[PDB]
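Structure data (mmCIF, C-alpha atoms (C1' of nucleotides)) from run00.cif:
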```cif
data_model
loop_
_atom_site.label_atom_id
_atom_site.label_comp_id
_atom_site.auth_asym_id
_atom_site.auth_seq_id
_atom_site.Cartn_x
_atom_site.Cartn_y
_atom_site.Cartn_z
CA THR W 1 0.00 0.00 0.00
CA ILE W 2 1.64 3.20 1.24
CA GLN W 3 4.91 1.33 1.84
CA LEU W 4 4.76 -0.37 -1.58
CA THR W 5 4.52 3.03 -3.26
CA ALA W 6 7.73 4.04 -1.47
CA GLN W 7 10.01 1.29 -2.80
CA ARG W 8 8.77 1.87 -6.36
CA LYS W 9 10.38 5.33 -6.32
CA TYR W 10 12.84 5.69 -3.43
CA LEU W 11 15.01 2.73 -4.45
CA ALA W 12 15.89 1.34 -7.87
CA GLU W 13 16.36 -2.40 -7.28
CA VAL W 14 12.59 -2.82 -7.53
CA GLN W 15 12.72 -0.43 -10.49
CA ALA W 16 15.32 -2.75 -12.03
CA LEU W 17 12.82 -5.60 -11.72
CA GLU W 18 10.13 -3.42 -13.31
CA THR W 19 12.18 -2.90 -16.48
CA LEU W 20 12.86 -6.62 -16.85
CA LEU W 21 9.22 -7.68 -16.47
CA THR W 22 7.84 -4.95 -18.74
CA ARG W 23 10.13 -5.94 -21.63
CA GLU W 24 11.41 -9.50 -21.20
CA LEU W 25 8.84 -11.24 -18.98
CA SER W 26 6.01 -9.45 -20.81
CA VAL W 27 6.15 -11.73 -23.86
CA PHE W 28 5.94 -14.81 -21.60
CA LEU W 29 2.38 -14.15 -20.41
CA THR W 30 0.75 -17.50 -19.69
CA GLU W 31 -2.83 -18.58 -19.09
CA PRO W 32 -3.78 -19.13 -15.42
CA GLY W 33 -5.63 -22.39 -16.08
CA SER W 34 -2.69 -24.13 -17.74
CA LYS W 35 0.02 -25.61 -15.50
CA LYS W 36 2.83 -24.70 -17.92
CA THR W 37 3.36 -21.39 -16.11
CA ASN W 38 6.14 -21.62 -13.52
CA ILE W 39 6.01 -18.07 -12.09
CA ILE W 40 2.86 -16.75 -10.41
CA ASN W 41 3.26 -13.16 -9.19
CA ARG W 42 0.60 -12.27 -6.62
CA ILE W 43 1.37 -8.54 -6.86
CA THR W 44 -1.00 -8.52 -9.84
CA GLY W 45 -2.14 -12.16 -9.89
CA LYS W 46 -0.38 -12.99 -13.16
CA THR W 47 1.03 -16.33 -14.32
CA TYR W 48 4.37 -16.46 -16.15
CA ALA W 49 6.21 -19.34 -17.85
CA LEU W 50 9.85 -18.42 -17.91
CA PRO W 51 12.68 -20.31 -19.65
CA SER W 52 16.02 -20.91 -17.93
CA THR W 53 17.53 -17.57 -18.94
CA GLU W 54 14.38 -15.62 -18.07
CA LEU W 55 14.11 -17.61 -14.84
CA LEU W 56 17.68 -17.05 -13.65
CA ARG W 57 17.51 -13.35 -14.52
CA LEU W 58 14.34 -13.20 -12.41
CA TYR W 59 16.00 -15.17 -9.60
CA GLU W 60 19.15 -13.03 -9.61
CA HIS W 61 17.25 -9.78 -9.11
CA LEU W 62 15.28 -11.33 -6.25
CA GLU W 63 18.24 -11.70 -3.88
CA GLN W 64 19.31 -8.07 -4.34
CA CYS W 65 15.74 -6.95 -3.68
CA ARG W 66 15.68 -8.85 -0.38
CA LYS W 67 19.05 -7.44 0.70
CA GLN W 68 17.53 -3.95 0.38
CA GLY W 69 14.12 -4.74 1.88
CA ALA W 70 10.95 -4.09 -0.14
CA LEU W 71 7.94 -6.42 -0.42
CA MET W 72 7.19 -9.00 -3.10
CA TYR W 73 4.46 -11.56 -3.79
CA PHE W 74 6.22 -13.76 -6.37
CA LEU W 75 5.27 -17.44 -6.23
CA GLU W 76 6.11 -20.55 -8.25
CA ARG W 77 3.68 -23.42 -8.75
CA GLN W 78 4.61 -26.94 -7.71
CA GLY W 79 5.39 -28.83 -10.92
CA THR W 80 5.86 -32.44 -11.94
CA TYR W 81 9.44 -32.34 -10.61
CA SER W 82 10.69 -30.49 -7.53
CA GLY W 83 12.29 -30.89 -4.15
CA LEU W 84 10.68 -31.60 -0.79
CA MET W 85 8.61 -28.41 -0.64
CA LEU W 86 6.69 -29.53 2.45
CA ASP W 87 5.22 -26.63 4.40
CA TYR W 88 4.72 -27.16 8.14
CA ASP W 89 2.50 -24.44 9.65
CA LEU W 90 3.38 -25.60 13.16
CA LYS W 91 0.60 -24.40 15.48
CA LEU W 92 2.54 -24.42 18.74
CA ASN W 93 0.90 -24.19 22.16
CA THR W 94 2.61 -20.83 22.74
CA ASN W 95 5.09 -18.58 20.97
CA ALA W 96 8.10 -20.11 22.73
CA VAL W 97 11.12 -20.16 20.40
CA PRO W 98 12.14 -23.76 19.66
CA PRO W 99 15.83 -23.72 18.75
CA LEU W 100 16.89 -25.48 15.54
CA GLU W 101 19.63 -27.34 17.36
CA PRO W 102 21.85 -29.54 15.14
CA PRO W 103 21.05 -32.49 17.44
CA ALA W 104 17.34 -31.74 17.02
CA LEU W 105 17.97 -30.91 13.36
CA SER W 106 19.69 -34.27 12.83
CA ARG W 107 16.57 -35.88 14.30
CA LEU W 108 14.46 -34.10 11.68
CA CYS W 109 17.11 -34.53 8.97
CA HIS W 110 17.39 -38.30 9.43
CA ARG W 111 13.66 -38.97 9.75
CA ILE W 112 12.79 -37.11 6.55
CA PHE W 113 15.82 -38.95 5.16
CA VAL W 114 14.22 -42.25 6.19
CA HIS W 115 10.97 -41.32 4.44
CA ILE W 116 12.69 -40.67 1.11
CA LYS W 117 14.42 -44.07 1.26
CA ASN W 118 11.32 -46.10 0.36
CA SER W 119 10.90 -44.29 -2.98
CA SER W 120 12.77 -43.45 -6.17
CA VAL W 121 16.44 -42.89 -5.34
CA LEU W 122 19.63 -42.98 -7.39
CA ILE W 123 20.57 -33.39 -0.31
CA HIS W 124 20.50 -29.71 0.66
CA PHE W 125 18.47 -28.93 3.79
CA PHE W 126 17.02 -25.41 3.47
CA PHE W 127 15.46 -24.70 6.86
CA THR W 128 13.47 -21.59 5.98
CA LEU W 129 10.94 -20.60 8.63
CA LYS W 130 8.50 -17.86 9.56
CA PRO W 131 9.81 -14.74 11.36
CA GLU W 132 7.42 -15.73 14.18
CA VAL W 133 5.94 -12.89 16.27
CA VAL W 134 2.42 -14.24 15.70
CA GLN W 135 -0.09 -16.44 17.50
CA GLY W 136 0.28 -20.06 16.45
CA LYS W 137 4.05 -19.46 16.24
CA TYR W 138 6.05 -20.04 13.02
CA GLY W 139 5.81 -22.35 10.04
CA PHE W 140 8.86 -24.54 9.51
CA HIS W 141 9.73 -25.33 5.87
CA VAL W 142 12.49 -27.80 5.05
CA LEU W 143 13.29 -27.77 1.33
CA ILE W 144 15.39 -30.22 -0.68
CA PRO W 145 15.12 -28.70 -4.19
CA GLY W 146 17.86 -30.93 -5.64
CA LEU W 147 15.74 -34.01 -6.28
CA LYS W 148 13.04 -34.36 -8.96
CA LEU W 149 10.14 -36.43 -7.59
CA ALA W 150 7.14 -34.07 -7.51
CA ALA W 151 4.44 -36.58 -8.48
CA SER W 152 2.05 -39.01 -6.79
CA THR W 153 5.24 -40.54 -5.38
CA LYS W 154 5.46 -37.55 -3.03
CA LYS W 155 1.81 -38.12 -2.10
CA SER W 156 2.96 -41.43 -0.64
CA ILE W 157 5.78 -39.42 0.93
CA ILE W 158 3.15 -36.92 2.10
CA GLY W 159 1.15 -39.75 3.66
CA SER W 160 4.26 -41.25 5.25
CA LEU W 161 5.22 -37.90 6.79
CA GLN W 162 1.65 -37.27 7.94
CA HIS W 163 1.36 -40.78 9.39
CA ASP W 164 4.86 -40.54 10.87
CA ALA W 165 5.08 -40.52 14.66
CA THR W 166 8.88 -40.34 14.93
CA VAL W 167 8.89 -36.73 13.73
CA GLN W 168 5.95 -36.14 16.08
CA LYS W 169 8.02 -36.70 19.22
CA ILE W 170 10.82 -34.56 17.77
CA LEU W 171 8.29 -31.75 17.37
CA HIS W 172 7.01 -32.66 20.83
CA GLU W 173 10.61 -32.17 21.94
CA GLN W 174 10.25 -28.64 20.52
CA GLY W 175 7.18 -27.94 22.65
CA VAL W 176 4.82 -28.14 19.66
CA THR W 177 1.23 -29.08 20.46
CA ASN W 178 0.61 -29.77 16.74
CA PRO W 179 3.11 -32.49 15.76
CA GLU W 180 1.10 -33.27 12.62
CA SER W 181 -1.38 -31.38 10.39
CA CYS W 182 1.49 -28.94 9.86
CA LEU W 183 2.32 -30.81 6.65
CA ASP W 184 -0.66 -30.14 4.41
CA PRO W 185 -1.86 -33.20 2.45
CA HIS W 186 -1.24 -31.16 -0.72
CA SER W 187 2.13 -29.78 0.42
CA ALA W 188 3.88 -31.04 -2.73
CA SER W 189 1.03 -30.29 -5.17
CA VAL W 190 0.12 -26.63 -4.47
CA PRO W 191 2.00 -23.52 -5.62
CA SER W 192 5.00 -22.60 -3.48
CA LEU W 193 6.72 -19.26 -2.85
CA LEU W 194 10.28 -18.22 -3.61
CA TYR W 195 12.48 -17.54 -0.60
CA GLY W 196 12.22 -13.90 0.42
CA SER W 197 8.74 -13.32 -1.01
CA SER W 198 6.45 -11.44 1.36
CA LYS W 199 3.13 -13.07 2.25
CA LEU W 200 -0.44 -11.81 2.31
CA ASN W 201 -0.35 -9.33 5.21
CA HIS W 202 2.79 -11.06 6.51
CA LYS W 203 6.54 -10.60 6.31
CA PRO W 204 8.76 -12.82 4.12
CA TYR W 205 10.27 -15.86 5.79
CA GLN W 206 13.92 -16.31 6.75
CA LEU W 207 16.31 -19.25 6.45
CA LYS W 208 17.91 -20.45 9.68
CA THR W 209 20.59 -22.85 8.40
CA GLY W 210 21.01 -23.85 4.77
CA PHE W 211 23.07 -26.96 5.49
CA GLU W 212 23.33 -30.07 3.32
CA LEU W 213 24.12 -33.77 3.52
CA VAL W 214 25.15 -36.53 1.09
CA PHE W 215 23.36 -39.65 -0.17
CA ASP W 216 25.08 -42.69 -1.68
CA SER W 217 23.41 -45.43 -3.72
CA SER W 218 25.49 -48.21 -2.16
CA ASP W 219 25.37 -46.93 1.45
CA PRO W 220 22.27 -44.75 1.87
CA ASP W 221 22.81 -43.59 5.47
CA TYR W 222 25.49 -40.91 5.09
CA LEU W 223 26.64 -19.15 2.78
CA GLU W 224 26.98 -15.88 0.84
CA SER W 225 28.55 -17.56 -2.19
CA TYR W 226 25.38 -18.56 -4.07
CA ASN W 227 22.17 -16.81 -5.11
CA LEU W 228 19.78 -17.99 -2.42
CA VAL W 229 16.46 -17.67 -4.25
CA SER W 230 17.42 -19.92 -7.17
CA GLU W 231 19.21 -22.38 -4.88
CA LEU W 232 16.08 -22.98 -2.78
CA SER W 233 13.93 -22.94 -5.93
CA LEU W 234 12.87 -26.23 -7.50
CA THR W 235 13.06 -25.27 -11.19
CA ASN W 236 16.74 -24.29 -11.02
CA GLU W 237 18.26 -27.54 -12.30
CA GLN W 238 21.37 -25.56 -13.31
CA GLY W 239 21.87 -24.47 -9.69
CA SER W 240 25.36 -23.83 -8.34
CA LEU W 241 24.94 -24.92 -4.72
CA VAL W 242 22.27 -27.52 -5.53
CA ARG W 243 22.42 -30.25 -8.16
CA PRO W 244 19.54 -32.02 -9.94
CA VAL W 245 19.46 -35.21 -7.87
CA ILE A 1 -2.49 17.72 -25.54
CA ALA A 2 -5.70 18.80 -27.29
CA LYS A 3 -4.53 17.08 -30.48
CA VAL A 4 -3.76 13.88 -28.58
CA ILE A 5 -7.18 14.10 -26.93
CA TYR A 6 -8.91 14.52 -30.31
CA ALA A 7 -7.01 11.64 -31.90
CA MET A 8 -7.79 9.54 -28.82
CA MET A 9 -11.53 10.31 -28.46
CA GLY A 10 -12.59 11.80 -31.77
CA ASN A 11 -15.53 9.41 -32.15
CA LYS A 12 -17.57 10.46 -29.10
CA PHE A 13 -17.71 14.28 -29.18
CA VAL A 14 -18.74 16.96 -31.67
CA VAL A 15 -18.78 20.76 -31.48
CA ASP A 16 -20.80 23.30 -33.46
CA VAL A 17 -21.84 26.94 -33.19
CA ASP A 18 -25.51 27.61 -32.49
CA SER A 19 -27.57 30.61 -33.63
CA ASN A 20 -26.63 32.71 -30.59
CA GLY A 21 -22.95 32.46 -31.54
CA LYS A 22 -21.55 30.25 -28.77
CA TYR A 23 -19.89 26.86 -29.12
CA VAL A 24 -21.81 23.89 -27.72
CA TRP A 25 -20.71 20.34 -26.95
CA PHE A 26 -22.61 17.18 -27.89
CA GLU A 27 -21.71 13.78 -26.44
CA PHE A 28 -22.60 10.34 -27.78
CA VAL A 29 -24.26 8.21 -25.10
CA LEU A 30 -23.10 4.60 -24.74
CA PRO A 31 -24.37 1.82 -22.46
CA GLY A 32 -22.75 1.40 -19.07
CA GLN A 33 -22.40 5.05 -18.03
CA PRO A 34 -24.52 7.34 -15.83
CA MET A 35 -27.26 8.94 -17.89
CA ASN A 36 -30.88 10.02 -17.88
CA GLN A 37 -33.48 7.50 -18.95
CA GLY A 38 -34.06 6.96 -22.65
CA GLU A 39 -31.16 8.70 -24.44
CA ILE A 40 -29.15 5.56 -25.21
CA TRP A 41 -27.37 5.52 -28.60
CA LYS A 42 -28.21 9.20 -29.11
CA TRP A 43 -26.35 12.49 -29.08
CA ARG A 44 -26.80 14.45 -25.85
CA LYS A 45 -26.38 18.20 -25.44
CA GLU A 46 -23.86 19.17 -22.75
CA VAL A 47 -23.09 22.71 -21.63
CA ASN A 48 -19.63 21.70 -20.38
CA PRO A 49 -17.85 18.46 -21.40
CA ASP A 50 -17.59 16.92 -17.94
CA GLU A 51 -16.58 13.49 -19.24
CA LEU A 52 -13.73 14.98 -21.27
CA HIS A 53 -12.59 16.94 -18.20
CA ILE A 54 -12.44 13.73 -16.16
CA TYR A 55 -10.85 11.72 -18.98
CA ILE A 56 -8.05 14.25 -19.43
CA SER A 57 -6.98 13.80 -15.81
CA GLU A 58 -7.68 10.05 -15.47
CA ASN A 59 -6.68 8.14 -18.61
CA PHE A 60 -4.03 10.50 -20.00
CA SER A 61 -1.93 9.86 -16.88
CA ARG A 62 -1.31 6.30 -18.08
CA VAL A 63 0.18 7.61 -21.33
CA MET A 64 2.29 10.08 -19.35
CA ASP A 65 3.52 7.22 -17.15
CA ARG A 66 4.36 5.25 -20.29
CA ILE A 67 6.44 8.21 -21.49
CA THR A 68 8.21 8.37 -18.12
CA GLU A 69 9.06 4.66 -18.16
CA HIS A 70 10.23 4.98 -21.78
CA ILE A 71 12.62 7.75 -20.71
CA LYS A 72 13.74 5.60 -17.76
CA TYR A 73 14.45 2.64 -20.06
CA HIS A 74 16.55 4.77 -22.41
CA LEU A 75 18.35 6.17 -19.36
CA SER A 76 19.22 2.65 -18.21
CA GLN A 77 20.77 1.69 -21.56
CA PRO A 78 24.38 2.94 -21.78
CA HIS A 79 25.18 4.85 -24.98
CA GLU A 80 27.64 7.71 -24.33
CA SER A 81 28.38 10.62 -21.99
CA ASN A 82 25.71 12.78 -23.65
CA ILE A 83 22.72 10.65 -22.66
CA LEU A 84 23.44 11.41 -18.99
CA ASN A 85 22.75 15.08 -19.83
CA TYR A 86 20.03 14.97 -22.50
CA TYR A 87 18.04 12.19 -20.82
CA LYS A 88 18.26 14.08 -17.56
CA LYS A 89 17.31 17.59 -18.67
CA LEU A 90 14.48 16.21 -20.80
CA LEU A 91 13.37 13.97 -17.93
CA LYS A 92 13.46 16.79 -15.35
CA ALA A 93 11.47 19.13 -17.57
CA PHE A 94 9.06 16.26 -18.13
CA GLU A 95 8.16 15.65 -14.48
CA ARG A 96 8.04 19.43 -14.01
CA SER A 97 5.41 19.62 -16.77
CA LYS A 98 3.66 16.36 -15.80
CA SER A 99 1.55 17.85 -13.00
CA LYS A 100 0.26 20.60 -15.31
CA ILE A 101 -2.61 18.46 -16.64
CA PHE A 102 -4.12 18.34 -13.14
CA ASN A 103 -4.45 22.13 -12.98
CA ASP A 104 -7.89 23.61 -13.59
CA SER A 105 -6.71 26.57 -15.69
CA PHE A 106 -4.61 24.34 -17.94
CA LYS A 107 -7.58 21.99 -18.38
CA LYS A 108 -9.83 24.91 -19.36
CA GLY A 109 -7.24 26.12 -21.86
CA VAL A 110 -6.89 22.63 -23.33
CA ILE A 111 -10.68 22.36 -23.68
CA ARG A 112 -10.86 25.75 -25.38
CA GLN A 113 -8.09 24.75 -27.79
CA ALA A 114 -9.75 21.39 -28.53
CA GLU A 115 -13.01 23.20 -29.30
CA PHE A 116 -11.55 23.95 -32.74
CA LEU A 117 -10.36 20.41 -33.51
CA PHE A 118 -13.65 18.76 -32.55
CA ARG A 119 -15.74 21.25 -34.55
CA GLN A 120 -17.82 19.68 -37.32
CA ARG A 121 -19.58 21.98 -39.76
CA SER A 122 -23.21 21.44 -40.79
CA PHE A 123 -24.28 19.52 -37.69
CA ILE A 124 -26.76 21.62 -35.70
CA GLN A 125 -29.05 22.43 -38.62
CA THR A 126 -28.95 18.78 -39.73
CA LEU A 127 -30.24 17.55 -36.36
CA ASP A 128 -33.64 15.83 -36.52
CA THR A 129 -34.24 16.74 -40.17
CA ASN A 130 -35.26 13.51 -41.91
CA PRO A 131 -38.74 12.48 -40.69
CA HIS A 132 -38.04 8.74 -41.06
CA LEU A 133 -36.03 8.45 -37.82
CA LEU A 134 -37.57 8.40 -34.34
CA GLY A 135 -35.70 8.63 -31.06
CA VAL A 136 -36.85 5.81 -28.79
CA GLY A 137 -35.77 4.76 -25.32
CA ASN A 138 -33.74 1.76 -26.54
CA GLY A 139 -32.01 3.13 -29.64
"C1'" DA Y 1 23.49 31.03 -1.91
"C1'" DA Y 2 21.13 35.07 -3.58
"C1'" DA Y 3 19.24 37.73 -7.44
"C1'" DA Y 4 16.94 37.79 -11.86
"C1'" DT O 1 -62.10 47.67 -24.30
"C1'" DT O 2 -58.19 45.94 -23.05
"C1'" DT O 3 -54.76 46.01 -21.30
"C1'" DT O 4 -50.82 44.76 -21.07
"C1'" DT O 5 -47.91 42.16 -21.55
"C1'" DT O 6 -44.32 42.84 -23.80
"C1'" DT O 7 -40.47 44.89 -24.06
"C1'" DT O 8 -37.41 45.74 -21.30
"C1'" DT O 9 -34.03 44.33 -18.13
"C1'" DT O 10 -30.81 42.73 -17.25
"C1'" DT O 11 -27.90 38.97 -18.38
"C1'" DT O 12 -25.16 37.14 -20.53
"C1'" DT O 13 -17.46 37.79 -17.33
"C1'" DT O 14 -14.19 35.28 -16.79
"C1'" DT O 15 -10.51 33.35 -17.74
"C1'" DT O 16 -7.03 33.73 -18.75
"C1'" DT O 17 -3.97 37.26 -17.53
"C1'" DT O 18 -1.63 38.49 -13.53
"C1'" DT O 19 0.63 36.12 -10.04
"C1'" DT O 20 4.57 32.90 -9.62
"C1'" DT O 21 8.34 30.49 -11.70
"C1'" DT O 22 12.48 26.83 -10.21
"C1'" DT O 23 16.15 27.40 -12.41
"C1'" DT O 24 20.40 29.67 -13.72
"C1'" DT O 25 23.66 32.34 -13.90
"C1'" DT O 26 26.27 35.19 -10.81
#
```
Produce structure tokens that represent the structure in this file.
Amino acid sequence: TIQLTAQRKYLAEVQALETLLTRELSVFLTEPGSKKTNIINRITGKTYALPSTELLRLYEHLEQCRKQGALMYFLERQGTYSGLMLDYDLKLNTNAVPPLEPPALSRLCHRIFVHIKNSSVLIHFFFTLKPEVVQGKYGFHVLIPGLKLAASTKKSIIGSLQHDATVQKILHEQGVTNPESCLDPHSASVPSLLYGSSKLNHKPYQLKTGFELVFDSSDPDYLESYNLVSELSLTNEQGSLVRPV
Amino acid sequence: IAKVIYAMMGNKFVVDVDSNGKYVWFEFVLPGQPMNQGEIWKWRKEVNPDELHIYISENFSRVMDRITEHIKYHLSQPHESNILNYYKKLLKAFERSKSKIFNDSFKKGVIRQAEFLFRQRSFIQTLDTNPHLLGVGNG
DNA sequence: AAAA
DNA sequence: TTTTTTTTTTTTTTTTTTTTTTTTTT
């Protein structure tokens, strides 16, 4: 509103994005009904299908925009291939900060690792989460954009995570009164949002620790240098930090 | 600005001089706008072109914004050391003149100037001449 | 920065 | 008759201009 009018003039990084979309992204207007569109900007509710060059140019500008503030509503739809974009709107009992301790993280890392074992296999853990300061506390979002398994296979993964009780006690270790129902049944089939995109009447999320692990076919049980937005994004198969697992 | 207005809405307005010697404005009524009952698809006499006054300040601003963004785009592209002067003086003068369209006196002057462009001879005396046309409430 |  | 209303009497002026005018040279 009033704030959004300010960034359009005061600063030029948003203005830089405006020039790119008016000329380059303009020709890539895509119908909303079709699923071919990969970019859905909620600033104006428009769907865009961008190729790799148009995507990466869009991604690159996004990080600089976040470093200088501003507000954005850019979203990307969940496609037929993506990483573990599994939102967890954890409705805690109270707004008590549960620390993402590496011991507790390894509990979550290994259990979600266990779930992806009983599926198609031959791992970058992006622990983005809500800035909190709201009733119902934050929404944890682990993302593994390297792999390409965004199909009904993830629905079995969705069911396994939802039916999982091992993660439940780990969330119970965090003081969460909602161990499940945080993972929506359509977590890996509904449009997602690029890291740093502001939400409807809510601030953009932040990433706690963007760590990673390694997976081996024979033995399964094993940051300011990359553009964050593309790295967390699922479509970026040509990613530098991430690789198309 | 009057010429751009005429080229942009030349199909909805017409001006002619009555017997008393004063210019009058006629507006073509289209569905979907506030109006009295029964004058659809008919010319309507207007003492002062209110719709043109609103349209000058409402829709023309989009074209002005397009000009501004065009100047911005040419500013972004690097050509030489002269663009940083020409596409800064021209730009500055442009935002200085941009707010002029919102002034009342400038709008009145633009309307008076456009009175000449929109004038169409042999219109008033040709109104309601042929007896084979009747003005009804639905056309 | 003040005068045209 | 017829008596006077009509004709007259106002009523048509204001919107620019001016002002300012930031800039631009000093």
So what does the PyMOL selection byres ((chain A) within 9 of (chain W)) actually pick up in this one, as number ranges by chain?
A: 69, 72-73
Selection result for the PyMOL selection byres ((chain W and resi 160-162) around 7) on this file, as number ranges by chain:
W: 115, 156-159, 163-164, 180, 183
Can you write just those residues out, C-alpha atoms, as a tab-separated table (two decimals), in the coordinates of the input?
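Listed below is the output, part.tsv:
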```
chain	number	residue	atom	x	y	z
W	115	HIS	CA	10.97	-41.32	4.44
W	156	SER	CA	2.96	-41.43	-0.64
W	157	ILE	CA	5.78	-39.42	0.93
W	158	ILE	CA	3.15	-36.92	2.10
W	159	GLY	CA	1.15	-39.75	3.66
W	163	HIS	CA	1.36	-40.78	9.39
W	164	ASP	CA	4.86	-40.54	10.87
W	180	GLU	CA	1.10	-33.27	12.62
W	183	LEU	CA	2.32	-30.81	6.65
```
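For the structure shown here, the set of residues caught by the PyMOL selection byres ((chain A) within 10 of (chain O)) is residues 96, 105, 106, 108 and 109 of chain A.
Rounded to one decimal, CA of residue 99 in chain W and CA of residue 224 in chain W lie 22.5 Å from each other.
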Distance cut-off 10 Å, centre (-22.2, 26.5, -28.7) in file coordinates, counting all atoms listed in the file: which residues qualify? Return them as JSON, numbers by chain.
{"A": [15, 16, 17, 18, 19, 20, 21, 22, 23, 24, 25, 26, 45, 46, 47, 48, 115, 124]}
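With all atoms listed in the file as the atoms that count, the minimum distance from residue 177 in chain W to the choices W:30, W:120, W:137, W:111 is reached by W:137.
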Could you give me, as a ChimeraX atom specification, the residues within 12 Å of residue 27 in chain W, counting all atoms listed in the file and dropping anything in the same chain fewer than 2 positions from it?
/W:20-25,29-30,47-51,54
Please report the interatomic distance between CA of residue 135 in chain A and CA of residue 41 in chain A in Å with one decimal.
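CA of residue 41 in chain A lies at a distance of 9.2 Å from CA of residue 135 in chain A.
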Could you jot down the CA of residue 90 in chain W to CA of residue 114 in chain W separation for me, Å, one decimal place?
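Result for CA of residue 90 in chain W versus CA of residue 114 in chain W: 21.1 Å, one decimal.
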What would the file be for range 202-223 of chain W if you keep C-alpha atoms and write it as a PDB file, in the first residue's frame?
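Resulting contents of result-v1.pdb:
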```
ATOM      1  CA  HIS W 202       2.790 -11.058   6.512  1.00  0.00           C
ATOM      2  CA  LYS W 203       6.545 -10.603   6.307  1.00  0.00           C
ATOM      3  CA  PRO W 204       8.755 -12.820   4.122  1.00  0.00           C
ATOM      4  CA  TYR W 205      10.272 -15.859   5.793  1.00  0.00           C
ATOM      5  CA  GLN W 206      13.923 -16.306   6.749  1.00  0.00           C
ATOM      6  CA  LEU W 207      16.308 -19.253   6.450  1.00  0.00           C
ATOM      7  CA  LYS W 208      17.906 -20.455   9.681  1.00  0.00           C
ATOM      8  CA  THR W 209      20.594 -22.855   8.403  1.00  0.00           C
ATOM      9  CA  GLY W 210      21.012 -23.850   4.767  1.00  0.00           C
ATOM     10  CA  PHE W 211      23.066 -26.956   5.492  1.00  0.00           C
ATOM     11  CA  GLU W 212      23.332 -30.066   3.323  1.00  0.00           C
ATOM     12  CA  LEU W 213      24.116 -33.772   3.523  1.00  0.00           C
ATOM     13  CA  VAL W 214      25.146 -36.527   1.089  1.00  0.00           C
ATOM     14  CA  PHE W 215      23.365 -39.645  -0.167  1.00  0.00           C
ATOM     15  CA  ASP W 216      25.077 -42.688  -1.683  1.00  0.00           C
ATOM     16  CA  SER W 217      23.410 -45.427  -3.722  1.00  0.00           C
ATOM     17  CA  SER W 218      25.490 -48.208  -2.157  1.00  0.00           C
ATOM     18  CA  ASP W 219      25.374 -46.933   1.451  1.00  0.00           C
ATOM     19  CA  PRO W 220      22.270 -44.748   1.874  1.00  0.00           C
ATOM     20  CA  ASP W 221      22.810 -43.594   5.468  1.00  0.00           C
ATOM     21  CA  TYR W 222      25.489 -40.912   5.095  1.00  0.00           C
ATOM     22  CA  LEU W 223      26.636 -19.152   2.775  1.00  0.00           C
TER      23      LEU W 223
END
```
